[PDB]
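Pasted below: start28.cif, mmCIF, C-alpha atoms.
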data_target
loop_
_atom_site.group_PDB
_atom_site.id
_atom_site.type_symbol
_atom_site.label_atom_id
_atom_site.label_comp_id
_atom_site.auth_asym_id
_atom_site.auth_seq_id
_atom_site.Cartn_x
_atom_site.Cartn_y
_atom_site.Cartn_z
ATOM 1 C CA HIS A 1 121.206 51.919 119.785
ATOM 2 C CA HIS A 2 120.469 49.493 116.880
ATOM 3 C CA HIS A 3 121.347 49.963 113.120
ATOM 4 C CA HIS A 4 124.147 52.623 112.799
ATOM 5 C CA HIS A 5 124.218 53.120 108.956
ATOM 6 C CA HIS A 6 121.921 55.881 107.548
ATOM 7 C CA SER A 7 123.276 57.931 104.610
ATOM 8 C CA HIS A 8 122.071 61.585 104.348
ATOM 9 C CA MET A 9 122.618 64.510 101.892
ATOM 10 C CA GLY A 10 120.571 67.726 101.457
ATOM 11 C CA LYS A 11 121.290 69.760 98.292
ATOM 12 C CA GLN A 12 118.566 71.578 96.231
ATOM 13 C CA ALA A 13 118.110 75.385 96.614
ATOM 14 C CA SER A 14 114.722 76.074 94.902
ATOM 15 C CA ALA A 15 113.662 79.576 96.135
ATOM 16 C CA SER A 16 114.938 81.368 99.304
ATOM 17 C CA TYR A 17 114.565 85.014 100.533
ATOM 18 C CA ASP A 18 116.466 87.533 102.717
ATOM 19 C CA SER A 19 114.240 90.235 104.341
ATOM 20 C CA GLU A 20 114.848 92.925 107.023
ATOM 21 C CA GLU A 21 113.641 92.985 110.690
ATOM 22 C CA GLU A 22 111.297 95.998 111.259
ATOM 23 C CA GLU A 23 109.345 96.730 114.454
ATOM 24 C CA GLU A 24 105.817 96.312 112.956
ATOM 25 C CA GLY A 25 104.659 97.924 116.219
ATOM 26 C CA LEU A 26 100.950 97.080 116.094
ATOM 27 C CA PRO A 27 98.763 96.373 119.230
ATOM 28 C CA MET A 28 97.850 92.820 118.052
ATOM 29 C CA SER A 29 94.644 90.891 118.913
ATOM 30 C CA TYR A 30 94.070 88.846 122.139
ATOM 31 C CA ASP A 31 94.209 85.711 119.913
ATOM 32 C CA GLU A 32 97.809 86.623 118.871
ATOM 33 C CA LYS A 33 98.876 87.257 122.527
ATOM 34 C CA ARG A 34 97.416 83.961 123.901
ATOM 35 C CA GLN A 35 98.957 82.196 120.828
ATOM 36 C CA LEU A 36 102.352 83.546 122.025
ATOM 37 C CA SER A 37 101.573 82.321 125.615
ATOM 38 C CA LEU A 38 100.793 78.895 124.038
ATOM 39 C CA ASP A 39 103.882 78.684 121.702
ATOM 40 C CA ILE A 40 106.260 79.968 124.420
ATOM 41 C CA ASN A 41 104.693 77.350 126.801
ATOM 42 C CA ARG A 42 105.920 74.639 124.359
ATOM 43 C CA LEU A 43 109.445 76.181 124.112
ATOM 44 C CA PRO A 44 112.524 75.169 126.319
ATOM 45 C CA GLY A 45 113.201 76.672 129.796
ATOM 46 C CA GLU A 46 115.973 78.594 127.958
ATOM 47 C CA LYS A 47 113.520 79.872 125.323
ATOM 48 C CA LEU A 48 110.985 80.809 128.085
ATOM 49 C CA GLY A 49 113.781 82.755 129.854
ATOM 50 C CA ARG A 50 114.696 84.182 126.418
ATOM 51 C CA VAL A 51 111.237 85.828 125.867
ATOM 52 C CA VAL A 52 111.955 87.541 129.218
ATOM 53 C CA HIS A 53 115.512 88.489 128.070
ATOM 54 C CA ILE A 54 113.750 90.226 125.097
ATOM 55 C CA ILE A 55 111.343 92.319 127.351
ATOM 56 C CA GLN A 56 114.441 93.047 129.551
ATOM 57 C CA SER A 57 116.358 94.399 126.480
ATOM 58 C CA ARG A 58 113.232 96.559 125.772
ATOM 59 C CA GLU A 59 112.716 97.589 129.441
ATOM 60 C CA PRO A 60 115.997 98.354 131.446
ATOM 61 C CA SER A 61 113.516 98.849 134.379
ATOM 62 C CA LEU A 62 113.084 95.024 134.249
ATOM 63 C CA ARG A 63 116.536 94.044 132.927
ATOM 64 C CA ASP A 64 118.150 93.683 136.380
ATOM 65 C CA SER A 65 114.983 91.911 137.757
ATOM 66 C CA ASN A 66 114.614 88.126 138.234
ATOM 67 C CA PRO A 67 112.983 86.528 135.050
ATOM 68 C CA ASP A 68 111.650 83.741 137.385
ATOM 69 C CA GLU A 69 109.733 86.333 139.534
ATOM 70 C CA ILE A 70 107.677 87.865 136.677
ATOM 71 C CA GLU A 71 105.759 86.375 133.704
ATOM 72 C CA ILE A 72 105.513 87.937 130.216
ATOM 73 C CA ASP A 73 102.238 89.836 129.831
ATOM 74 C CA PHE A 74 101.973 90.745 126.112
ATOM 75 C CA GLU A 75 99.864 93.909 126.806
ATOM 76 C CA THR A 76 102.175 95.655 129.379
ATOM 77 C CA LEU A 77 105.253 95.512 127.046
ATOM 78 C CA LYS A 78 105.733 97.782 123.948
ATOM 79 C CA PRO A 79 103.510 97.376 120.727
ATOM 80 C CA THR A 80 106.810 96.349 119.060
ATOM 81 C CA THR A 81 107.894 93.871 121.792
ATOM 82 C CA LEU A 82 104.750 91.639 121.403
ATOM 83 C CA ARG A 83 105.501 91.679 117.636
ATOM 84 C CA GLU A 84 109.196 90.852 118.224
ATOM 85 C CA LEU A 85 107.955 87.927 120.375
ATOM 86 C CA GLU A 86 105.436 86.986 117.626
ATOM 87 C CA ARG A 87 108.177 86.390 115.051
ATOM 88 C CA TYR A 88 110.779 85.051 117.595
ATOM 89 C CA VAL A 89 108.622 81.996 118.614
ATOM 90 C CA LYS A 90 107.970 81.198 114.973
ATOM 91 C CA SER A 91 111.756 81.501 114.397
ATOM 92 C CA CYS A 92 112.369 79.127 117.410
ATOM 93 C CA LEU A 93 109.809 76.208 117.209
ATOM 94 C CA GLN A 94 109.506 76.363 113.384
ATOM 95 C CA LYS A 95 112.004 77.958 110.941
ATOM 96 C CA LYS A 96 111.642 80.943 108.578
#
Could you render the structure as structure tokens?
Amino acid sequence: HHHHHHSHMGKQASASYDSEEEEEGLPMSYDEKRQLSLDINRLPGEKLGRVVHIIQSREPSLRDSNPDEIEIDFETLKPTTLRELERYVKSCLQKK
């Protein structure tokens, strides 16, 4: 708590986009899956529990289960769920 005056404005819209979601349900490479394990490992405890909340939305058979009990294996979930995780982490730690 030293120096309280710092002016700030952000105004210049150069080129933005607005795309759809899609599933893109492709069995991705091992490198993609361990990259998710790595990015998610950097994320908050919330955002770790959130990757589980995603597989729980996909699998009602896991939705009622404790997210603390199980970890997120990217091969056992749907070909779409690993892809939904792929984009989610890159929406969370960086912005798109």
Here's the selection I'm unsure about, the PyMOL selection byres ((chain A and resi 60-70) around 12); applied to the file above, which residues does it give, as a PDB file with C-alpha atoms, in the coordinates of the input?
ATOM      1  CA  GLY A  45     113.201  76.672 129.796  1.00  0.00           C
ATOM      2  CA  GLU A  46     115.973  78.594 127.958  1.00  0.00           C
ATOM      3  CA  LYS A  47     113.520  79.872 125.323  1.00  0.00           C
ATOM      4  CA  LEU A  48     110.985  80.809 128.085  1.00  0.00           C
ATOM      5  CA  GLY A  49     113.781  82.755 129.854  1.00  0.00           C
ATOM      6  CA  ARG A  50     114.696  84.182 126.418  1.00  0.00           C
ATOM      7  CA  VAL A  51     111.237  85.828 125.867  1.00  0.00           C
ATOM      8  CA  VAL A  52     111.955  87.541 129.218  1.00  0.00           C
ATOM      9  CA  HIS A  53     115.512  88.489 128.070  1.00  0.00           C
ATOM     10  CA  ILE A  54     113.750  90.226 125.097  1.00  0.00           C
ATOM     11  CA  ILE A  55     111.343  92.319 127.351  1.00  0.00           C
ATOM     12  CA  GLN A  56     114.441  93.047 129.551  1.00  0.00           C
ATOM     13  CA  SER A  57     116.358  94.399 126.480  1.00  0.00           C
ATOM     14  CA  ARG A  58     113.232  96.559 125.772  1.00  0.00           C
ATOM     15  CA  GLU A  59     112.716  97.589 129.441  1.00  0.00           C
ATOM     16  CA  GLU A  71     105.759  86.375 133.704  1.00  0.00           C
ATOM     17  CA  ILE A  72     105.513  87.937 130.216  1.00  0.00           C
ATOM     18  CA  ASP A  73     102.238  89.836 129.831  1.00  0.00           C
ATOM     19  CA  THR A  76     102.175  95.655 129.379  1.00  0.00           C
ATOM     20  CA  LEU A  77     105.253  95.512 127.046  1.00  0.00           C
TER      21      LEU A  77
END
Exercise. Written as a ChimeraX atom specification, what is the full residue list that the PyMOL selection byres ((chain A and resi 15-24) around 9) yields on the file shown?
Worked result: /A:13-14,25-26,79-81,83-84
For this session: Run the PyMOL selection byres ((chain A and resi 92) around 10) mentally over the shown coordinates, then write out the matched residues as an MDAnalysis selection string, using the chain letters and numbers from the document.
Result: chainID A and resid 39:40 43:44 47 87:91 93:96
Can those selected residues be exported to a file as a compact mmCIF listing (two decimals), keeping the file's coordinate frame so that it contains C-alpha atoms?
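Okay, this is what ended up in result-v6.txt:
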# COMPACT_ATOMS: atom_id res chain seq x y z
CA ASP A 39 103.88 78.68 121.70
CA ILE A 40 106.26 79.97 124.42
CA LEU A 43 109.44 76.18 124.11
CA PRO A 44 112.52 75.17 126.32
CA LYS A 47 113.52 79.87 125.32
CA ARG A 87 108.18 86.39 115.05
CA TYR A 88 110.78 85.05 117.60
CA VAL A 89 108.62 82.00 118.61
CA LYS A 90 107.97 81.20 114.97
CA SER A 91 111.76 81.50 114.40
CA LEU A 93 109.81 76.21 117.21
CA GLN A 94 109.51 76.36 113.38
CA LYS A 95 112.00 77.96 110.94
CA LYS A 96 111.64 80.94 108.58
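Pairwise distance (CA of residue 36 in chain A, CA of residue 78 in chain A) equals 14.8 Å.
The coordinates place CA of residue 32 in chain A at 11.0 Å from CA of residue 75 in chain A.
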Exercise. CA of residue 42 in chain A and CA of residue 74 in chain A, how far apart in Å?
Worked result: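 Value for the CA of residue 74 in chain A-CA of residue 42 in chain A distance: 16.7 Å.
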Rebuild range 32-50 of chain A to N, CA and C atoms - output it as a CSV table (one decimal), in the coordinates of the input, please.
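Resulting contents of out_14.csv:
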chain,number,residue,atom,x,y,z
A,32,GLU,N,96.4,86.6,119.2
A,32,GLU,CA,97.8,86.6,118.9
A,32,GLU,C,98.6,86.5,120.2
A,33,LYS,N,98.2,87.2,121.2
A,33,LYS,CA,98.9,87.3,122.5
A,33,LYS,C,98.8,85.9,123.3
A,34,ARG,N,97.6,85.3,123.3
A,34,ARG,CA,97.4,84.0,123.9
A,34,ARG,C,98.1,82.8,123.1
A,35,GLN,N,98.2,83.1,121.7
A,35,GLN,CA,99.0,82.2,120.8
A,35,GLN,C,100.5,82.2,121.2
A,36,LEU,N,101.0,83.4,121.5
A,36,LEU,CA,102.4,83.5,122.0
A,36,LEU,C,102.5,82.8,123.4
A,37,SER,N,101.6,83.0,124.3
A,37,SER,CA,101.6,82.3,125.6
A,37,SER,C,101.6,80.8,125.4
A,38,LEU,N,100.9,80.3,124.4
A,38,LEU,CA,100.8,78.9,124.0
A,38,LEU,C,102.1,78.3,123.4
A,39,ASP,N,102.7,79.1,122.4
A,39,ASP,CA,103.9,78.7,121.7
A,39,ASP,C,105.1,78.7,122.6
A,40,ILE,N,105.2,79.8,123.4
A,40,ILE,CA,106.3,80.0,124.4
A,40,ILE,C,106.2,78.9,125.5
A,41,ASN,N,104.9,78.4,125.8
A,41,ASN,CA,104.7,77.4,126.8
A,41,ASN,C,105.3,76.0,126.3
A,42,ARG,N,105.3,75.8,125.0
A,42,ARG,CA,105.9,74.6,124.4
A,42,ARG,C,107.5,74.7,124.3
A,43,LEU,N,108.0,75.9,124.3
A,43,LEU,CA,109.4,76.2,124.1
A,43,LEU,C,110.2,75.7,125.4
A,44,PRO,N,111.6,75.4,125.2
A,44,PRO,CA,112.5,75.2,126.3
A,44,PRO,C,112.4,76.2,127.5
A,45,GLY,N,113.0,75.8,128.7
A,45,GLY,CA,113.2,76.7,129.8
A,45,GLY,C,114.1,77.8,129.5
A,46,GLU,N,115.1,77.6,128.6
A,46,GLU,CA,116.0,78.6,128.0
A,46,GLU,C,115.1,79.6,127.2
A,47,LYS,N,114.3,79.1,126.3
A,47,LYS,CA,113.5,79.9,125.3
A,47,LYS,C,112.3,80.6,126.0
A,48,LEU,N,111.9,80.1,127.2
A,48,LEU,CA,111.0,80.8,128.1
A,48,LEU,C,111.7,82.0,128.7
A,49,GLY,N,112.9,81.7,129.3
A,49,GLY,CA,113.8,82.8,129.9
A,49,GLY,C,114.3,83.8,128.8
A,50,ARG,N,114.2,83.4,127.5
A,50,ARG,CA,114.7,84.2,126.4
A,50,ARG,C,113.7,85.2,126.1
